[PDB]
Structure formats: structure tokens, C-alpha cells
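Examination of the molecular architecture
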Amino acid sequence: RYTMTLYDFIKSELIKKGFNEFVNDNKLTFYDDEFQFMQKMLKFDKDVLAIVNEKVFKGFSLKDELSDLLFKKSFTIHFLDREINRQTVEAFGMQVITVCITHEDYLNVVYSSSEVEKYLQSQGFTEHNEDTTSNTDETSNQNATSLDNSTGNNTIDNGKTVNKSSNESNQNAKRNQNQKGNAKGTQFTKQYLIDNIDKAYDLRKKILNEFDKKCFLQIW
Amino acid sequence: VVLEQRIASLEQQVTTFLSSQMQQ
Amino acid sequence: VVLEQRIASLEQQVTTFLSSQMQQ
Amino acid sequence: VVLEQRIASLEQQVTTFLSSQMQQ
Amino acid sequence: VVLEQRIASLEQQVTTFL
Amino acid sequence: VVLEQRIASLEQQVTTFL
Amino acid sequence: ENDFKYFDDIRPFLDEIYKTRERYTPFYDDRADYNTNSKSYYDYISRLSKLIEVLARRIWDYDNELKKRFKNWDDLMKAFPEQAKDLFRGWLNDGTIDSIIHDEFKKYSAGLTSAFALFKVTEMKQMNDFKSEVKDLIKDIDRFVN
Amino acid sequence: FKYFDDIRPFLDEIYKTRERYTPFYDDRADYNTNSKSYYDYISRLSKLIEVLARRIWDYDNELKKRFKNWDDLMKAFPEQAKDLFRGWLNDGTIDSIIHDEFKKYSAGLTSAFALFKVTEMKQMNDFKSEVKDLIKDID
Amino acid sequence: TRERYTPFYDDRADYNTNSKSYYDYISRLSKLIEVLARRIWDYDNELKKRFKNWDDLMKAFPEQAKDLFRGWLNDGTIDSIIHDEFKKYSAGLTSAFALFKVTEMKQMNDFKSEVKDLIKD
Amino acid sequence: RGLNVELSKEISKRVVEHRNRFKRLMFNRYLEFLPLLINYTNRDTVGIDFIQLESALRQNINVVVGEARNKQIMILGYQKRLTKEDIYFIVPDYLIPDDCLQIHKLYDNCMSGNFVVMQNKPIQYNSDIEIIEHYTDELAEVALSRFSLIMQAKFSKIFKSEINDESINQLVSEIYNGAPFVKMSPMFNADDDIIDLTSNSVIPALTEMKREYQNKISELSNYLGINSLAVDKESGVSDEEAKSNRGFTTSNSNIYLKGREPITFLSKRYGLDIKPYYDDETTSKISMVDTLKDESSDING
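Residues numbered from 1 in each chain as written, not as in the entry; some residues may be left out. Chains lettered and ligands numbered in written order. Part of a larger assembly, values for the part shown. Heavy atoms only, no water. Residues with missing side-chain atoms left out of burial classes, pairs and counts.

1. Regarding the overall build of chain A
Here is the rule: Under the DSSP-based scheme used, a helix requires at least four consecutive residues in state H or I and a strand at least two consecutive residues in state E, with every element numbered from the N terminus. The reference for a compact globule is 2.2 Å times residues^0.38; the radius of gyration itself is calculated from the C-alpha atoms.
Of the regular secondary structure elements, chain A holds 7 helices and 10 strands. A globule of 220 residues ought to have a C-alpha radius of gyration of about 17 Å, yet chain A, at 48 Å, is considerably larger. Dimensions of chain A, computed from the C-alpha atoms along their principal axes, are close to 160 × 40 × 35 Å.

What follows is the structure, given as C-alpha cells:
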């Protein structure tokens, strides 16, 4: 069973756009490696990229612009001399839907675990005080004194003092300790277990043969 | 016998039919 | 014996010629 | 015998053809 | 026989027809 | 007789001649 | 002239399909069992359904068109006595001319214009005489002061 | 060709089926699935949707006939209005036209200019009475 | 034999049959041709009555044409044709006569002015 | 020159050529044989080339055998309205009767002048050139399936090793040269490492398919009367071993015989015995066991 291939598609659509491989300028250019179409598809220049992105991926681009060239290259040079399944070009729109899943892990696969943390932290805090004391105190004494002088008339004196002294004191005191904190933790722990590369051997294989399952004639 | 009478009678009827009514 | 057969053959010959011009 | 029956059959046919030729 | 007589009568009829 | 048979074929040939 | 080569640039693309049209069997193959899917009953009543509704509406709305067309019948009926009296005033225009107009109304034109214009001429002569006989006494007696 | 036929023997034609004996195990209907019945039903149902559209053609052909008959009769109608008016002139109803044409208008014009001329003459008598009196007053 | 679909073509007819199955759409279409058939019947019931009315008028037209024409608005039309352009030599004539009399009276006013030289003292 | 071959799925065109050629061959062979089954006490005294008769009968044209000069030359013959005269088309040249012909069926038993018509089949409903087309396509695709089954029933012993010159010296000097006691490394080097692709899902399937081909031949065979029937009566293998339902194959054999019944009507006229028998004989051993008269020794040897 045989239908259209995919090399013949972009060859015929690129030769629709004025190109050629035999008599291009005027000199015989069949042997010159920068002109025949197979080198333009294996190098996968701007030109073949434009014709694939217009006729095969008619409304698609991936996330980035460096991975997206890698995906479109790794699609169209796996499947050059392959087949077609659903019998008409611009009618294997099954290709656009098998594109339309979000398994876009063609660039920067960091699954050497790479645990990223964040830890934001705010804090608010007020405070108040009211400290009031009040003293009361009073005193008293007595001062029974005497002296008995004598010469060789013999003068004598006696004294008393009474000295009370009352006192009091009172004070208030208020405080207001306003306060706030902040903290911004961050960790970036990466791990490197050994057997992750075993799981990473086929990250692209099960998406690449998915097109064989759903878009290409899986018979001779 | 009577078979000779029958053979004589059938020639008579054959002559009668083939001579009187038609030629065929 | 031989006559019995020729007499039968000629009677059918008369009968298949009488019916060619018969009223039947 | 059987040749006599054949000779009888042939003269009957010749008489029928002669009646076919001449009207009576 | 009688068959010979009938055969003789038939040749007489054939000769009369001629 | 056989002579009658011979006379019958000559009559047949003469009738076929006519 | 050697013009109109529009019958002629078709030639390299009219021999081309005649070349690649019937010489195919050494170059191609007959395999692979292409399926053909062609139009069950639902596409048949598709073909019939729009076709019947596009005249189902166009016989449902025949009543308003017919209502117009037996409205203007009665419009003609109410317009008819106007057209009858308009037709009648056409012929009597020439009709009244033979009766009175090549006749008595010419006499009325004569008598009711010429005679009264003569009366106007007599009134003008009279009023010139009255202008004079008013002026004839003003221009003689009042002048002795001025 | 206007025939309100009747309403009932048309509404049974859409609910009527003969149900002939088509044999099973033949190639008239090979798989005998229920699809050829659908084709033969809807195609046989769309006859009457031609029928009543032909009835619309009957209506409009008749109305064209009707307005055409009216238009030709309006063509013929001035040939009746003439010789109707000849009936209106050779009889004595000319006494409408000559008397209603004559007397009222002639008397109106004569009496109108007579009233106007006598009023103008009274105006001139008034005017001369105005003129002759105003000159005497000085001496 | 060998059942082939030798045409394979393109169509231009449109469909959203608001119906559960093919079957119920056949029923709906049956109801629809029934109701517009009843519309055709009341077109007939209207239109036979209209033509029993109309063709009477087209049959009895000349008698009606003699009858309605004799209505006595005719004198009004005759007053219109005497008041027509046929009168209007007399109309413009009498209007010019009135203008000439106004011309006379304003000329009287013209020679009134030669009196007022020494009307003062 | 012009050459660019397809692939070696050329066989998948050779397979369908074998089917197509088998249908064409079996169809025209089966009607190449079918106009000779009866042959009816072969040329006792009667000047008929019966092979030319039976070939004419199986294109359904009603032949008519009568007399020409008393010796039964064939002629062609194309409620009961009787036929008498030589109105029909006549194939011989000057041997025509030029006299009273008749059909010798019901005018009497054995009396009228002979021109009897022989039908192929007494009542005709369908031609059996359609039944022979009816089974030969079904037979064709079972012959397809047998040929396709034995074309893929071929077997290799797959050696499995990392390639360049490890196991080649093994099989050369120690398998096809027949050698027992081959010594190998401990590196699992035959721990089911060599494997056999077999098609033992194909050879039990093979014999049952041949039995389906065989009884489909027999189910075409008993339809058109050609049968193994009389020997099956004397062999006692009468029913459900020869799966044929004997009452149906002795039924369809008989219709062709009583179609050729008017040769007995002719046989009663001129005084001779012609019976339409049904040929099933094949000689040099059957003719030996039915006679074992020493003159039949000098015939054969």
C-alpha cells in the first residue's frame, strides 16, 4: 500500500517557490552540495523551516524559539522518506492535534531534582504599658542631748530637737513599642540520583513515535 | 387373412384421398 | 410381420396428410 | 421379404409422386 | 401371394397413371 | 416377382425424367 | 498582425496534460485500497431540506404579496370615478366649443370688452376735461395773490 | 381553474402506504437495511410540495388573466364614453349646459361691472365734492 | 454489478434539523406540509369568495358605468369648465380693468399735489 | 530495454495469478468435459456421432434425429401443438428426407415417420453454465488459501549473535557438516540464543483446508449428476461418510437421463435398443475383472 511521502511534499512545494537543482543560475549545479534539496532539508535552513511552519504546522508554535526549531527539525528529518496516513495533505490535521499536547520538554530538562524553595515571612507587633507608682512616707525623731562642762562656773546645757518630715511621690509611665519583622528564605537543592537518566532515556521517544502511531502509514 | 383385407382397404383410402380432395 | 409395420407406417402417413387439409 | 416390403414402399411413393405431377 | 397380387395391382395403377 | 421390382424402378426413373 | 497569442501560451500546458493523461501505467501503481465515503441519507435530506424550506417560506409569505395585489384592486376601484369624470371633462372641451364657443361667447367677448373699453376711453376724455375745468379756475383767480 | 377541492382527501395521502410485498433474499435490497425505505419515503413525500407550488402558479396565472381582462375593458371604455356623450348631446339635456353656461355667468359679469362702475361714479362725485370745496376757503 | 459511486461531487444545501432522529424529522416535515397545505386551503376559501365578488363587477360593469355616470355632480364639472381657462380672458380682463381704475385714482392723487402751494396763511 | 522490478512481494502478485488462473482453468475444464457423460449404448447400429450430439445438447439447442436414408443423421430442431413438416433448420446437405416427416412421440407409440427432438433437460429453469460459475469462484479462493498456506510454510533456523565472525564458524564446521559435540563459550551462546521460526500454526491448518477443497469438489460434482454413486452402493460407504446425501445425487443424475428419453421413442420405431445409460467406466482392469473367455487374453496380453 502506497500513498504520498513527505520528502516529495516539501520538495514539490519548495520547487513551487522558484527553486531548482539542475540548471539553477546557468551552470550545471547537480553536483553542488548547497543547491539540491536533500541538503536543504538535512541542514534545515530558514527556507524549509518556513514551508513546514506554513503547510504542516499551520497554526502552531511551541513555547520558546530555540526549542521550537529543535522540535520542527527533529520532526521533519525523522520523517522525510516515510509515508502519509490519512490520504491527503492539508487533511492530516491529526498532526496538529498530536502536536496539541503540552509535553514541551525539548529544552532545559532539569530533573536532576532541583528543589526550589521560597519562604516569605512578615510580622507585625505593637505593645503598650502603664506603670504608676505612688509613695507615702513620714519620719520622726527625738534629740535628748546634754553636756556638763566644768572649770577648775561649771556650765551645763540641755537640748531637744524634734524633726518630723513627711514625704510622698507618685509617677506614671507609659511605653509604646511598635515593631515589625521580615524574612525571605530560599533554597535551591539539587540532588543527582543515578537512576534518573534511565528514566530520562526516552523523554522524546514516546512523543516521537506517537506520530508513527497516529499520523503515518505503518505498513510497507 | 384379414390383414390382406386391411392392406387392400388402406390402399383404397390412400388412392381416394390422394386423388380426390388434394395433392397434399 | 413386415407388412404389419409398413401398414402401420402408411396409415400414419395418410393420417398426417389428411389433417393438413382437414375440417378438424 | 423385407426387400419386398421396400419394393412395395417405393412403388407407393412413385404412385404418390405421379399423382403429385398429374392432377388425377 | 396376396401381397404379390396387391403389388401387381399397384404397378398396374402406376402404369395407368403414366 | 423380382421382374416386377425391376419394372417398378424403370417406371420410377421414367417418372423422374418427366 | 501577429498578435493574440492567448490561444498559444495555452499550448505548452495543453500538450502537457495530453502527455501525462494516458501514458500512466508504466509509471504508477494500482494498490493501497483508497476508501470512498459518499453521502448517506442525512446528506440527502440536507439536499432536500433547505430546498423545501426556501419555498416553504416563499409560499408562507404569499399572503402579504397577494394582500397587496387585492389591495390595489380596490385602490383602482376607488380611483375609478375620478378617472371617469376626468375622461368626461376631456371630450366636452371640444364638445362645448361647437355649441356656444364658436358663437355667443365671441359676442360676449366683443360686447363685454370693446364697448366697456370705449366707456373707459370716454371716462379718460371726461376726466381730462374735469382736470382742465378744475385747473381752469385755479390757474386764473388764485394767481392774483401769487 | 379555481377549485377548492376539499381538505380531507389530501391529508390522508400523506399518511397512506400501499405496503407491497418486496421479497427478502433478493438483490433489489441487498443488505435490507432501513435506508432505502427512507429514500423512497422522503422522495415520495416531496411530490405534494411540488403540487401546491403548481397551485400557486394557478393562482397567479388566474390573477394575470383577471387584471388583463380589466385592462382590455378599460381600453374599450372610452368607446362607451363616446356615444354615451352623443346620447348626452342629441337629447334635451343640452338645456343643462347652455342655460347653466349662459345666464348665471352673463348676469354675474354685467351686474358686477355695473355695481363697480356705479360705485366708481359715486366715488368720483365724492371726489369732486372734495375738490371743489377746499379751494373756496381762503377768501 | 460491482456497486460503484461513479459521481463524487460537491453540494450547496444546508441543514440543522432540530430533531431527535431522522424519523422525528420526517414527522416534523409531515406536520409542516400539512399546515401549509391548510394555508393553501384558506387561500382557496378566501379567493373563491373574492372572485364571486369581483367578476360580478366585471360582468355588470357597463350597467354600472351608465348608472354612476348619471350622478348629478355634473353641473359642478360644468361650472368648473366655465371657470376654466376658457373664462380667463374675462378674468384677466376684469383684473386689468380694476388695475386701470386704481391707476386712475392714484393719478387723481397725483394732481392733488398741485394745490398745496400756500395753504398755510 | 526497460526493466525495474517491483520487490520480492512479486509473490503477492504470483499468488493472485495462481488463483485467477485456477478459476479460469477449472471453469473451462469443467465445461470441457460436461458434454460427454451419457453416450447411451454407443453406436449399436445408429449413424450418430454422439460426441457432436452431446456438445450440441449442452448449448441447449434441441437437436432432432430422424431418418435421412434410413440411417439416423442428426438435424437441428428449433398444451401441445404438433410438429409435422420439415419447417425447421436442417444441417446436412442433400440427405434431407424431402418427404413426410413427423415427431414420433404421441401420434402413436412406434408408428410415425421419425424426427424426434431431444431436450437437454426436460423442464428448463437455470442453465448449468451458471452453477459452474457459481462454485468455481468459491473453489478458486479455497485454492488460493491452500497455495498461500503452503507458500509460507517454509522454515529457517535463525542464529542470533553480534555479527562479524563469531557464530559463522560454528554453523559451518558444526551444524551443516553434521558434527555432534560442538564446544562453545559460557557466554549464554546457545541459552535459547539460536531460535527456530516454525509454522506449526500452519500445518494443522493444512489438512482441513484440503478436505474443504475436496468436499467442495464433491458438492459441485453431485449437483451436475457426475457421481461416484454405484460403486458407493456396492462398497457399503453409503451415507454420512461420503457426505453427499445419496437421494440428492441420484436425483440430479436422473434428470439428464430422462431429458434424453426421446432416443427411446426413436428406438421403438425402427426396432432397435438404445438406452441412455450413464457412463462411469475406466478400463484395462475393470475389463479384466469382469471377464478374467481366453480370447480376452490375446487382446490385452
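2. Description of the overall build of chain G
Convention followed: When a residue's accessible area, from a 1.4 Å probe over protein chains only, is under 20% of the maximum for its type it is buried; when over 50% it is exposed; and in between it is partly exposed. We get accessible surface area from the Shrake-Rupley algorithm with a probe of 1.4 Å; when it comes to residues, only the shown protein chains can shield them. We treat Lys and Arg as the positive residues and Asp and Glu as the negative residues; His and chain ends play no part in the count. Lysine's charge is taken at NZ, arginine's at CZ, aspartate's at CG and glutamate's at CD.
Of regular secondary structure, chain G possesses 5 helices and 0 strands. The N-to-C order of helical and strand elements in chain G reads α-α-α-α-α. Taking 15 Å as the expected radius of gyration for a compact globule of 146 residues, we find that chain G reaches 50 Å, considerably beyond that expectation. In terms of principal-axis extent, the alpha carbons of chain G reach across some 145 × 60 × 45 Å. Counting only residues that meet the buried cut, chain G has 18% of its 146 residues in that class. Put simply, chain G shows about 11,600 Å² of open surface, and 57% of that area lies on carbon and sulfur atoms. Of the charged side chains in chain G, 26 are positive and 29 negative; the average position of the first set lies 2 Å away from that of the second.

3. What about the sheet that holds strand β2 (residues 74–76) of chain J?
Residue and element names in this part refer to chain J. Put simply, the rule reads: Between any two strands, pairing holds if DSSP finds at least two bridges. To define axes, lines are fitted to C-alpha atoms, for helices over the stretch in contact only, and angles between the resulting N-to-C directions are given on a 0 to 180 degree scale. In this analysis, two residues are considered to be in contact whenever any of their non-hydrogen atoms come within 4.5 Å of each other.
Pairing is antiparallel across the open sheet formed by 3 strands, whose spatial order is β2-β1-β3. Edge strands, defined here as strands with exactly one partner in the open sheet, are β2 and β3 (115–118). In this sheet, neighbouring strand axes are inclined to one another by 35° on average, regardless of whether the strands run parallel or antiparallel. Two elements, strand β1 (residues 63–66) and β2, share 3 bridges in a ladder whose sense is antiparallel. When the sheet's bridge partners are listed, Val64 is paired in β2 with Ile75. Across the sheet, helix α2 (residues 50–57) lies against β1, β2 and β3, angled at about 145° from β1, the strand it touches most. Contacts from helix α9 (residues 262–269) reach β1 and β3 within the one sheet, and its direction differs from that of β3 by about 160°.

4. Some thoughts on the pattern of salt bridges
Opposite charge on two side chains allows them to pair when their charged atoms are near. Put simply, the rule reads: The rule for a salt bridge is simple: a side-chain nitrogen of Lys or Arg has to be within 4 Å of a carboxyl oxygen of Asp or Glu.
The residue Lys17 of chain A makes a salt bridge to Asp47 of chain A at a minimum N-O spacing of 2.5 Å. Residue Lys17 of chain A is located in the loop between α1 (7–15) and α2 (37–43), and its partner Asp47 of chain A is located in helix α3 (residues 46–55); the two are separated by 30 residues in the primary sequence. Among the ionic pairs, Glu46 of chain I bridges to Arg50 of chain I, the shortest N-O distance being 3.1 Å. Highlighted residues: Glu46 of chain I and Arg50 of chain I, both in helix α1 (residues 22–59), separated by 4 residues, approximately one helical turn. Each of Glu62, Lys65 and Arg66 of chain H together with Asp55 of chain I takes part in a single network of salt bridges with overlapping partners.

5. Quick look at the packing of helix α3 (residues 62–69) of chain G against α1 of chain I
For the record, the criterion: Any angle that is under 35 degrees is reported as roughly parallel, and any over 145 degrees as roughly antiparallel; angles of 65 to 115 degrees are reported as roughly perpendicular and all others as oblique. Take the far helix as your reference; a near helix turned counterclockwise from it by less than a right angle gives a left-handed crossing, and one turned clockwise gives a right-handed crossing. Under this grouping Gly is polar, as are all residues other than the nonpolar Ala, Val, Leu, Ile, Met, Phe, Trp, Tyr, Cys and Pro and the charged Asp, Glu, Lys and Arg.
Here α3 of chain G crosses α1 of chain I at 15°, and the two axes come no closer than 12 Å. The orientation of α3 of chain G with respect to α1 of chain I, classified from their angle, is roughly parallel. In this structure, the crossing between α3 of chain G and α1 of chain I has a hand that is right-handed. Contacts from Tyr62, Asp63 and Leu66 of chain G in α3 of chain G reach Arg39, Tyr43, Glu46 and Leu47 of chain I in α1 of chain I. Considering only residue class, the contact of α3 of chain G with α1 of chain I consists of 4 nonpolar, no polar and 3 charged.

6. Some points on the interface of chain I and chain H
Chain I puts 39 residues into the contact, and the matching count from chain H is 43 residues. Of all the secondary structure elements, the ones that give two or more residues to the side of chain I that touches chain H are α1, α2 (61–69), α3 (74–82) and α4 (88–111) of chain I.

7. With respect to the packing of aromatic side chains
Operational definition: Two aromatic rings, drawn from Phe, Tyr or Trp (for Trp, its six-membered ring), form a pair once their centres lie within 6.5 Å of each other, and the interplanar angle then sorts them: stacked below 30 degrees, edge-to-face above 60, tilted otherwise. In our convention, an over-ring charge means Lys NZ or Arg CZ found within 6 Å of a ring centre and within 35 degrees of that ring's normal.
An angle of 90° between the planes, with centres 5.3 Å apart, marks the rings of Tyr42 of chain G and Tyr15 of chain I as edge-to-face. Here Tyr15 of chain I lies in the segment before α1 and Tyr42 of chain G lies in helix α2 (residues 41–60), a pairing that spans two chains. Aromatic side chains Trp73 of chain G and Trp54 of chain I sit 4.5 Å apart centroid to centroid with 25° between the ring planes, which places their arrangement in the stacked category. Taken together, the residues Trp73 of chain G in helix α4 (residues 72–101) and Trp54 of chain I in helix α1 connect one chain to another. Three or more aromatic residues joined by ring pairs form one cluster here, namely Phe57, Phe60, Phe71, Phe75, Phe79, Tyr106, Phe211 and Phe216 of chain A. Taking NZ or CZ as reference, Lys39 of chain G lies 5.3 Å from the ring centre of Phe8 of chain I, over its face. Sitting over the face of the ring of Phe119 of chain G, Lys117 of chain H holds its NZ or CZ atom 5.8 Å from the ring centroid.

8. Structural notes on unusual backbone geometry
At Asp33 of chain G, a position not held by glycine, the phi torsion is positive, near 55°. At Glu240 of chain J, a residue that is not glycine, the phi angle is positive and equals roughly 60°. Residue position: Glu240 of chain J is located in the loop between α6 (229–235) and α7 (246–252).

9. Focus: the environment of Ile38 of chain J
Its location among the elements puts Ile38 of chain J in the loop between α1 (11–33) and α2. When neighbours within four sequence positions are excluded, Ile38 of chain J is seen to be in contact with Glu54, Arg58, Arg260, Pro276, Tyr277, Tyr278 and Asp279 of chain J.

10. Section: the packing of α2 of chain G against α1 of chain I
The angle between the axes and the distance between the axes are what describe a pair of packed helices. Between α2 of chain G and α1 of chain I, the shortest axis-to-axis distance is 12 Å and the interhelical angle comes to 20°. Overall, the two elements α2 of chain G and α1 of chain I adopt an arrangement that is roughly parallel. Considering the relative orientation of α2 of chain G and α1 of chain I, their crossing is left-handed. Contacts between α2 of chain G and α1 of chain I pair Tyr41, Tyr42, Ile45, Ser49, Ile52, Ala56, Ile59 and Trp60 of chain G from the former with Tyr22, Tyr25, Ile26, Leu29, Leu32, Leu36, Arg39 and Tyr43 of chain I from the latter. When the residues that make up the contact of α2 of chain G with α1 of chain I are grouped by side-chain class, the tally is 14 nonpolar, 1 polar and 1 charged.

11. A look at the arrangement of the chains
A comparison of contact numbers over the 11 pairs of chains in contact places chains H and I at the top. These two, chain A and chain H, are apart from each other, with no contact and a minimum C-alpha gap of 28 Å. Chain E shows no contact with chain I. Their nearest C-alpha atoms sit 71 Å apart.

12. Topic: the side chain of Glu13 of chain A
Residue and element names in this part refer to chain A. What counts, and what does not: Pairs of N or O atoms are called polar contacts if they sit within 3.5 Å, as long as, within protein, a hydrogen donor faces a hydrogen acceptor (for residues adjacent in sequence, only side-chain-to-side-chain pairs).
Position of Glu13 among the secondary structure elements: in helix α1. At a separation of 2.5 Å, a polar atom in the side chain of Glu13 contacts the side chain of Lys16. With residues up to four places along the chain from it excluded, the contact list for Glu13 reads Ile51 and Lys55.

13. Observations regarding the environment of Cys110 of chain J
Residues and elements named next belong to chain J. Along the chain, the position of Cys110 falls in the loop between β2 and β3. For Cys110 and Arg269, which are 159 residues apart along the polypeptide, the C-alpha to C-alpha distance reads 4.5 Å. Not counting residues within four places of it along the chain, the set of residues in contact with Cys110 comprises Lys268 and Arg269.

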